[PDB]
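Asks: My questions will all concern the structure given below.
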Amino acid sequence: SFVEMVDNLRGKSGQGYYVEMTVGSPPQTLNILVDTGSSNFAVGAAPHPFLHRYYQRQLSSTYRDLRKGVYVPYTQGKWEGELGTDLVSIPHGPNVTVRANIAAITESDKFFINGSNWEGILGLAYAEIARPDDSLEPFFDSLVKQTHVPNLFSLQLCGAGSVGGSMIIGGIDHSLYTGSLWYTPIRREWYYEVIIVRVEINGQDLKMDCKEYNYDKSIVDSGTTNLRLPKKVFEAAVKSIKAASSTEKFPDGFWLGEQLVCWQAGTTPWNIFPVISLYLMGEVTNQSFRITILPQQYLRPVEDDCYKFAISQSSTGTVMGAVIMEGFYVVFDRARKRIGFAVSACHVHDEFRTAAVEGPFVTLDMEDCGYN
Ligand SMILES: CC(=O)N[C@@H](Cc1cc(F)cc(F)c1)[C@H](O)CNC1(c2cc(CC(C)(C)C)cs2)CC1
């Protein structure tokens with residue numbers, strides 16, 4: 001649901017995906033990063049070395065001040081600014097205009113990125129995690145309350161098939177995937193929180209208490225680049241990934257996500273890097289499904305062929321970031337408290353292996369896999 005939004009995303013590797021928006025009357029055009037890992041809609045509203053444009057409130061006939069300040073601290077970066085409401089629309093989007101909350105960003109630190117082409121962020125997760133508090137209605141919530149747009153969006157993030165993709169607001173576009181959608185419950189409405197019931201690398205169960213995979217949570221987050229795994233899980237995965245690829249040897253800064261590794265163009269040894277299967281809780285009792293990630297997703301290319309290890313240690317739970325979401329079509333079915341995965345039409349290539357969404361699997365005591 002529908003052709004107008006196909007290919008409405010762009011970006012640079014490791015700097016997120018953005019969609020074109022306009023705010024104010026007359027309309028001012030900004031590129032906005034699409035972030036299911038937070039819930040604030042915020043935009044450059046003042047000069048910055050890295051911004052090529054920004055939101056000019058005084059130039060907008062429709063702007064209203066909320067006379068209240070705001071700040072948001074992300075994993076690394078943070079911004080603060082001023083709350084208002086203005087009229088907002090997505091040009092390659094549904095055909096509508098909403099009055100939404102906007103944080104006019106006045107100061108920032110390590111937020112905007114030099115390469116960038118985006119001037120703001122669209123937090124698509126739920127009011128619970130919004131700043132300054134849950135009474136600040138998120139953008140998707142206002143678009144739903146104010147229009148007829150169904151309460152569902154879908155993200156097809158593609159990986160260089162200078163990245164691109166689609167954000168279908170309001171529905172599912174059957175032209176963007178193959179095979180069946182498989183759905184996992186949204187465990188609680190705050191982040192897009194899910195439960196991982198099993199983990200296998202090259203078909204070997206990690207054999208951990210399934211609570212460790214969700215410790216203290218597992219989320220789907222398009223605003224975080226890497227797959228981020230709890231310490232105990234990170235250690236076990238890097239252990240098997242090391243051993244699968246031991247034929248060759250790598251700097252330590254490589255496994256820590258720091259320094260790139262290189263091979264002669266067209267000779268990257270993909271076969272020595274294992275596939276990772278994440279099993280998600282399903283819709284029916286004792287039933288789950290798996291997504292399989294290929295090394296082409298977790299060895300993210302940096303500009304010979306050169307890559308960073310795109311899995312990292314977490315102390316805040318599992319993060320399924322952009323590299324996991326790439327080559328899947330991921331449906332955020334808020335209306336039904338579920339997230340659907342299918343093989344995307346921009347799926348990642350290997351000459352001998354494929355990324356897959358497969359089910360059904362039987363898995364006992366999936367309830368026990370949730371932390372607390
Ligand atoms: C890398 C990163 O941090 N990405 C930002 C998006 C981003 C992209 C970018 F290019 C630059 C940034 F500074 C931020 C994304 O929201 C991360 N989502 C999560 C967190 C959100 C928050 C804020 C709350 C929800 C507590 C208010 C803290 S961790 C769950 C992990």
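The chains in the structure tokens are called A, B, ... from first to last as shown; in each chain the residues are counted from 1, and the ligands are counted from 1 in the order shown.
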Would you list the residues that come within 6 Å of ligand 1? Count only C-alpha atoms and all ligand atoms and give the answer as a PyMOL selection string.
Replies: chain A and resi 15-16+35+37-38+72-78+111+129-131+223-224
Asks: Using DSSP secondary structure from the backbone, list all helix (DSSP H, G or I) positions within segment 4-122 of chain A, as an NGL selection string.
Replies: :A and (4-5 or 57-59)
Asks: Which is closest to residue 264 of chain A among A:167, A:306, A:345, A:280, if we use only C-alpha atoms?
Replies: A:306
Asks: Show which residues sit within 7 Å of residue 308 of chain A, as an NGL selection string. Count only C-alpha atoms, and ignore same-chain residues fewer than 2 positions away.
Replies: :A and (254 or 257 or 259-261 or 299-302 or 310)
Asks: Name the closest residue to residue 23 of chain A among the candidates A:100, A:293, A:210, A:324; distances are taken between atoms, counting only C-alpha atoms.
Replies: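 Checking each of A:100, A:293, A:210, A:324 against residue 23 of chain A, counting only C-alpha atoms, the winner is A:100.
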Asks: Near residue 138 of chain A, within 12 Å and counting only C-alpha atoms, which residues show up once chain neighbours fewer than 2 positions away are dropped, as a PDB file with N, CA and C atoms, in the first residue's frame?
Replies:
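Dumped everything to selection19.pdb:
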ATOM      1  N   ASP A  35      13.809   6.373  12.355  1.00  0.00           N
ATOM      2  CA  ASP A  35      14.398   5.776  13.565  1.00  0.00           C
ATOM      3  C   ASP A  35      13.369   5.072  14.423  1.00  0.00           C
ATOM      4  N   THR A  36      13.305   3.762  14.290  1.00  0.00           N
ATOM      5  CA  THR A  36      12.361   3.046  15.092  1.00  0.00           C
ATOM      6  C   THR A  36      12.952   2.811  16.516  1.00  0.00           C
ATOM      7  N   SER A  38      13.643   5.373  18.663  1.00  0.00           N
ATOM      8  CA  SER A  38      13.364   6.475  19.562  1.00  0.00           C
ATOM      9  C   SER A  38      12.016   7.057  19.145  1.00  0.00           C
ATOM     10  N   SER A  39      11.542   8.095  19.857  1.00  0.00           N
ATOM     11  CA  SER A  39      10.163   8.523  19.676  1.00  0.00           C
ATOM     12  C   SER A  39      10.007   9.984  19.565  1.00  0.00           C
ATOM     13  N   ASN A  40      11.108  10.716  19.362  1.00  0.00           N
ATOM     14  CA  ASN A  40      11.024  12.157  19.129  1.00  0.00           C
ATOM     15  C   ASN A  40      11.252  12.572  17.689  1.00  0.00           C
ATOM     16  N   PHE A  41      10.368  13.425  17.192  1.00  0.00           N
ATOM     17  CA  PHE A  41      10.602  14.044  15.923  1.00  0.00           C
ATOM     18  C   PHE A  41      11.344  15.369  16.225  1.00  0.00           C
ATOM     19  N   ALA A  42      12.574  15.541  15.715  1.00  0.00           N
ATOM     20  CA  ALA A  42      13.410  16.728  16.009  1.00  0.00           C
ATOM     21  C   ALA A  42      14.152  17.184  14.772  1.00  0.00           C
ATOM     22  N   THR A  85       4.785  22.852  17.775  1.00  0.00           N
ATOM     23  CA  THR A  85       4.005  22.035  16.893  1.00  0.00           C
ATOM     24  C   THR A  85       3.956  22.815  15.595  1.00  0.00           C
ATOM     25  N   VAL A  98      -0.263  16.709   8.738  1.00  0.00           N
ATOM     26  CA  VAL A  98      -0.600  16.678  10.156  1.00  0.00           C
ATOM     27  C   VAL A  98       0.109  17.763  10.958  1.00  0.00           C
ATOM     28  N   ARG A  99      -0.549  18.183  12.034  1.00  0.00           N
ATOM     29  CA  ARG A  99       0.106  18.998  13.041  1.00  0.00           C
ATOM     30  C   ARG A  99       0.775  18.035  14.041  1.00  0.00           C
ATOM     31  N   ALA A 100       2.085  18.116  14.132  1.00  0.00           N
ATOM     32  CA  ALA A 100       2.812  17.219  14.988  1.00  0.00           C
ATOM     33  C   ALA A 100       3.746  18.009  15.905  1.00  0.00           C
ATOM     34  N   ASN A 101       4.104  17.384  17.011  1.00  0.00           N
ATOM     35  CA  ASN A 101       5.179  17.841  17.852  1.00  0.00           C
ATOM     36  C   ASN A 101       6.471  17.806  17.083  1.00  0.00           C
ATOM     37  N   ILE A 102       7.272  18.864  17.245  1.00  0.00           N
ATOM     38  CA  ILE A 102       8.617  18.996  16.669  1.00  0.00           C
ATOM     39  C   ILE A 102       9.607  19.582  17.693  1.00  0.00           C
ATOM     40  N   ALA A 103      10.756  18.959  17.930  1.00  0.00           N
ATOM     41  CA  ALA A 103      11.811  19.591  18.705  1.00  0.00           C
ATOM     42  C   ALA A 103      12.668  20.364  17.762  1.00  0.00           C
ATOM     43  N   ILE A 121      15.412  13.964  12.617  1.00  0.00           N
ATOM     44  CA  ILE A 121      15.176  12.556  12.953  1.00  0.00           C
ATOM     45  C   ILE A 121      13.697  12.348  13.272  1.00  0.00           C
ATOM     46  N   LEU A 122      13.191  11.195  12.852  1.00  0.00           N
ATOM     47  CA  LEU A 122      11.804  10.855  13.004  1.00  0.00           C
ATOM     48  C   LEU A 122      11.758   9.621  13.863  1.00  0.00           C
ATOM     49  N   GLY A 123      11.389   9.818  15.126  1.00  0.00           N
ATOM     50  CA  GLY A 123      11.377   8.719  16.085  1.00  0.00           C
ATOM     51  C   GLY A 123      10.066   8.024  15.901  1.00  0.00           C
ATOM     52  N   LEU A 124      10.098   6.732  15.577  1.00  0.00           N
ATOM     53  CA  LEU A 124       8.851   6.056  15.290  1.00  0.00           C
ATOM     54  C   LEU A 124       8.436   5.092  16.329  1.00  0.00           C
ATOM     55  N   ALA A 125       9.176   5.012  17.454  1.00  0.00           N
ATOM     56  CA  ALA A 125       8.751   4.088  18.526  1.00  0.00           C
ATOM     57  C   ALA A 125       7.668   4.759  19.408  1.00  0.00           C
ATOM     58  N   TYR A 126       7.282   4.135  20.514  1.00  0.00           N
ATOM     59  CA  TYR A 126       6.030   4.594  21.160  1.00  0.00           C
ATOM     60  C   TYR A 126       6.176   5.728  22.202  1.00  0.00           C
ATOM     61  N   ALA A 127       5.081   6.383  22.553  1.00  0.00           N
ATOM     62  CA  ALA A 127       5.138   7.504  23.525  1.00  0.00           C
ATOM     63  C   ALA A 127       5.897   7.217  24.842  1.00  0.00           C
ATOM     64  N   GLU A 128       5.796   5.989  25.332  1.00  0.00           N
ATOM     65  CA  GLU A 128       6.512   5.645  26.536  1.00  0.00           C
ATOM     66  C   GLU A 128       7.939   6.156  26.607  1.00  0.00           C
ATOM     67  N   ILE A 129       8.687   6.179  25.507  1.00  0.00           N
ATOM     68  CA  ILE A 129      10.121   6.528  25.622  1.00  0.00           C
ATOM     69  C   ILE A 129      10.442   7.917  25.110  1.00  0.00           C
ATOM     70  N   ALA A 130       9.402   8.668  24.884  1.00  0.00           N
ATOM     71  CA  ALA A 130       9.545   9.979  24.352  1.00  0.00           C
ATOM     72  C   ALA A 130      10.049  10.937  25.502  1.00  0.00           C
ATOM     73  N   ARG A 131      10.850  11.944  25.127  1.00  0.00           N
ATOM     74  CA  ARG A 131      11.274  13.017  26.010  1.00  0.00           C
ATOM     75  C   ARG A 131      10.475  14.274  25.640  1.00  0.00           C
ATOM     76  N   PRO A 132      10.180  15.147  26.635  1.00  0.00           N
ATOM     77  CA  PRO A 132      10.634  15.011  28.004  1.00  0.00           C
ATOM     78  C   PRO A 132       9.887  13.952  28.732  1.00  0.00           C
ATOM     79  N   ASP A 133       8.745  13.500  28.235  1.00  0.00           N
ATOM     80  CA  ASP A 133       7.947  12.463  28.939  1.00  0.00           C
ATOM     81  C   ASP A 133       6.859  11.918  27.981  1.00  0.00           C
ATOM     82  N   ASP A 134       6.095  10.906  28.402  1.00  0.00           N
ATOM     83  CA  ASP A 134       5.080  10.245  27.567  1.00  0.00           C
ATOM     84  C   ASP A 134       3.844  11.050  27.173  1.00  0.00           C
ATOM     85  N   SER A 135       3.805  12.327  27.510  1.00  0.00           N
ATOM     86  CA  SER A 135       2.624  13.126  27.158  1.00  0.00           C
ATOM     87  C   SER A 135       2.912  13.811  25.812  1.00  0.00           C
ATOM     88  N   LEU A 136       4.195  13.888  25.446  1.00  0.00           N
ATOM     89  CA  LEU A 136       4.594  14.362  24.076  1.00  0.00           C
ATOM     90  C   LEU A 136       4.281  13.317  22.956  1.00  0.00           C
ATOM     91  N   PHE A 140       4.077   9.362  14.599  1.00  0.00           N
ATOM     92  CA  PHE A 140       3.190   8.366  13.996  1.00  0.00           C
ATOM     93  C   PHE A 140       1.824   8.361  14.695  1.00  0.00           C
ATOM     94  N   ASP A 141       1.847   8.572  16.002  1.00  0.00           N
ATOM     95  CA  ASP A 141       0.605   8.601  16.772  1.00  0.00           C
ATOM     96  C   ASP A 141      -0.304   9.738  16.303  1.00  0.00           C
ATOM     97  N   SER A 142       0.257  10.929  15.994  1.00  0.00           N
ATOM     98  CA  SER A 142      -0.552  12.064  15.556  1.00  0.00           C
ATOM     99  C   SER A 142      -1.078  11.833  14.125  1.00  0.00           C
ATOM    100  N   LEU A 143      -0.225  11.269  13.257  1.00  0.00           N
ATOM    101  CA  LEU A 143      -0.637  11.011  11.881  1.00  0.00           C
ATOM    102  C   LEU A 143      -1.852  10.033  11.941  1.00  0.00           C
ATOM    103  N   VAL A 144      -1.770   8.999  12.751  1.00  0.00           N
ATOM    104  CA  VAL A 144      -2.937   8.130  12.912  1.00  0.00           C
ATOM    105  C   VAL A 144      -4.216   8.783  13.508  1.00  0.00           C
ATOM    106  N   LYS A 145      -4.063   9.531  14.601  1.00  0.00           N
ATOM    107  CA  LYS A 145      -5.206  10.125  15.291  1.00  0.00           C
ATOM    108  C   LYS A 145      -5.879  11.117  14.375  1.00  0.00           C
ATOM    109  N   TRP A 190       7.069   0.191  23.726  1.00  0.00           N
ATOM    110  CA  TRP A 190       7.961   1.308  24.119  1.00  0.00           C
ATOM    111  C   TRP A 190       9.027   1.480  23.054  1.00  0.00           C
TER     112      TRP A 190
END
Asks: Quote the spacing between atom CA of residue 81 of chain A and atom CA of residue 107 of chain A in Å to one decimal place.
Replies: 6.5 Å
Asks: Which is closer to residue 48 of chain A than all the others in A:319, A:311, A:331, A:105, using only C-alpha atoms?
Replies: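 Checking each of A:319, A:311, A:331, A:105 against residue 48 of chain A, counting only C-alpha atoms, the winner is A:105.
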Asks: Using only C-alpha atoms, which residue out of A:60, A:277, A:156, A:247 lies closest to residue 222 of chain A?
Replies: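 Result for the nearest residue to residue 222 of chain A: A:156.
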Asks: Which residues, written as a list in words, have at least one atom at most 6 Å from segment 227-236 of chain A, with only C-alpha atoms counted and residues fewer than 3 positions away on the same chain left out?
Replies: residues 239, 311, 312, 313, 314, 315, 317, 318, 319, 320 and 321 of chain A
Asks: Which residues in segment 107-333 of chain A does DSSP call strand (DSSP E)? List them as a ChimeraX atom specification.
Replies: /A:107-109,120-123,153-158,164-169,177-185,193-194,196-201,204-205,218-220,227-230,261-263,276-281,287-293,299-302,305-309,311-314,318-320,328-333
Asks: Could you state the separation of atom CA of residue 45 of chain A and atom CA of residue 11 of chain A in Å, given to one decimal place?
Replies: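 Separating atom CA of residue 45 of chain A from atom CA of residue 11 of chain A is a distance of 21.1 Å.
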Asks: Could you name the residues that touch residue 7 of chain A at 8 Å or less, counting only C-alpha atoms, but leaving out those on the same chain fewer than 3 positions away, as a ChimeraX atom specification?
Replies: /A:10,164-167
Asks: Please determine, counting only C-alpha atoms, which residue among A:348, A:194, A:51, A:155 has the shortest atom-to-atom distance to residue 17 of chain A.
Replies: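 The shortest atom-to-atom distance to residue 17 of chain A comes from A:155.
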Asks: Check the smallest atom-to-atom distance from each of A:180, A:226, A:292, A:154 to residue 2 of chain A using only C-alpha atoms, then report the winner.
Replies: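 Smallest separation from residue 2 of chain A among the options: A:154.
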Asks: Mind pulling up the distance from atom CA of residue 246 of chain A to atom CA of residue 274 of chain A?
Replies: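 Going from atom CA of residue 274 of chain A over to atom CA of residue 246 of chain A, I get 11.4 Å.
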